[PDB]
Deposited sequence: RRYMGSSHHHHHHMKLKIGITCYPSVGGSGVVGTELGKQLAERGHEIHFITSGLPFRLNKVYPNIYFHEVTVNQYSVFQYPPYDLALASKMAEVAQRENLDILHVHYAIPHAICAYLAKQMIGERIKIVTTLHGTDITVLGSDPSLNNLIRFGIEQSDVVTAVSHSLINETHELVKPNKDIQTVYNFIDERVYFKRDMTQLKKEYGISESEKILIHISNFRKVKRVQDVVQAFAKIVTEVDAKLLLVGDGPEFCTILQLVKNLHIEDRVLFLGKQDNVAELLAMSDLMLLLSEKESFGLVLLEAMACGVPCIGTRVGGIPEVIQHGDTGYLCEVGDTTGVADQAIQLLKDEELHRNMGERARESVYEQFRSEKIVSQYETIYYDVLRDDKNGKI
């Protein structure tokens, strides 16, 4: 019984935004995606797309215009936006344009605050956008901290973690697929191969972790630092032991046939792959960086460690890989604490009450 409008980019935000809309739809709400791109068929989910046509094509203004148009045409109640720039400001304009007859909900996520908020040319813009939203939420407490530190908004930010569709991530085992990939221990890592992900360390740790255990490394994803990483596995003589799989999308099957997940980036606010992973009963070893610690509880559902500690990571890995007792327990502990505090139906309900509350 609610008309919601979602806006996002079909990276991490898109996955969540889209899934949140799909869920909300199944609960009888009428969802209206307002986004230029490409997010079965639901009778209660409509897709509006921003068409553009001057120095730079006004996508921002165009998006604001469409939000406003869809808003008053479909008589939307809530307008839920997902990255901060530009969406937050666009929703503000839209609101002002339709006489403020709508409620804005802004969800923050990693880079919009982490990296964008750092840029002085957009600081005041991000602040204004946050302060002007009716309700603001973040994906992790670490983020709400980073926000008050860099942007310094005079607004309250709630915490609502991201979720995963369990109907897509289960402990199924692709034993027939391992054959199709040519293998037998499996170590999987998913990222956008950027410097911040520190993919080099995932390799270094594997170079070591491999001398004492026979296992292959699945490198899902593609990005700038690809060649460097390729050059690395190359003059490290682990070349035939790493499967660059390039960027995949349906990574659910890959995690399923995995044993250990690695995430050793310099920063991160959240981020699902951990969930996806854990969700599939796969224990993780992520760096202790703001936001990983809120999902991985050391020793119970995975392990943490300082950035750059290639050696320490390997050690922690080699140990967990042989002990099959600890590995069956951790992997179970993990997919449990996930169902526990990251249950999709649970989180969706938090957003649901936030909407009702803002009215």
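Counting the deposited sequence from 1, the stretches lacking C-alpha coordinates are 1-14, 25-26, 56-59, 74-77, 209-211, 387-394.
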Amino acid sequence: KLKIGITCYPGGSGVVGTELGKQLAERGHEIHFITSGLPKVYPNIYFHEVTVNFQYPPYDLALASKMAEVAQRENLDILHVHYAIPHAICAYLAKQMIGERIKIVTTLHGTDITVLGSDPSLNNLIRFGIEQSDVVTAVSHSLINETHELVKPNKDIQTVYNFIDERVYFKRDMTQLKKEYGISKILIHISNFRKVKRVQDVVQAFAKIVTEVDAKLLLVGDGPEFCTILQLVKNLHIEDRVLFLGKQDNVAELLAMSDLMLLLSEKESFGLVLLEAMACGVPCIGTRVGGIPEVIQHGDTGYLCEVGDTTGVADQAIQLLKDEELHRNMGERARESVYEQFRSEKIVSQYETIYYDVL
From here on, numbers count along this sequence of modelled residues.
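The PDB entry records a higher mean C-alpha B factor for 205-213 than for its counterpart among 205-213 and 86-94. Two stretches are in play, 129-137 and 228-236, and the higher mean C-alpha B-factor belongs to 228-236. Residue set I292, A334, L63, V70: peak C-alpha B-factor at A334 (per PDB entry). Which of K152, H109, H80, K179 has the largest Cα B-factor in the deposited entry comes down to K179.
Among all modelled residues in its chain, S142 ranks in the lowest third by Cα B-factor. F170 sits in the highest third of its chain by CA B factor, as recorded in the PDB entry.
Ranked by C-alpha B-factor against the other modelled residues of its chain, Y46 falls in the middle third. Among the modelled residues of its chain, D156 has a C-alpha B-factor that falls in the lowest third according to the deposited record. The entry lists a Cα temperature factor for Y59 that places it in the middle third of the chain's modelled residues.
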